[PDB]
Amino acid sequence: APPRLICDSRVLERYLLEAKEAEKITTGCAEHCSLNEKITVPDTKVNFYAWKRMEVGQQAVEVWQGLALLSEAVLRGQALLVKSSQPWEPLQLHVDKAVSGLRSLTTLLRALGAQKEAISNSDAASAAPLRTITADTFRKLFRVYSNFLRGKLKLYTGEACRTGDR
């Protein structure tokens, strides 16, 4: 039966729309949005052909770990922002909502079994990350935030919620 709270589209959607507004607003950034350093972020691309063919448990691995990296990226962005009298007045609330939203999503995902599945499906040695994407502006940070939640996160959540008993 619907794995509770996150399986309610409207509940998850609240955050996706927040992220959209964050991403949308950071498009008018200009030169007032540098993070003044490269903040590592997760990869948000989803190849639907490969995505639907991989062990479903791997969807869990990708989303849970990706979200964790994302939280760290946003947290770092928050502290980088607390420092300085730098520009962009809009940034603050979007970051506070992101830190707040990511925290809720993390709790929401775990209840979905994401953390459990991700740790087991990932308990064997594998190949080096071999990737490492980063951002040096709040614009890319927020665009990644939106693409991740509206992307593989939404995708993973959609499939995982369809779980009765068989």
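When you see a residue number, it is the position in the sequence shown, counting from 1.
- Relative to one another, 88-96 and 67-75 have unequal mean CA B-factors, and 88-96 is the one with the higher figure.
- The stretch 35-43 shows the higher mean C-alpha B-factor when 135-143 is compared against 35-43 in the entry.
- Reading the B-factor column for the CA atoms of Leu102, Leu109, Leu130, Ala60 in the entry, the top value corresponds to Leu130.
- In the PDB entry, a CA B factor belonging to the middle third of its chain's modelled residues is recorded for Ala114.
- Residue-level temperature factors show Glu159 in the middle third of its chain, judged at the C-alpha atom.
- Ranked within its chain, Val56 lands in the middle third, by CA B factor from the PDB record.
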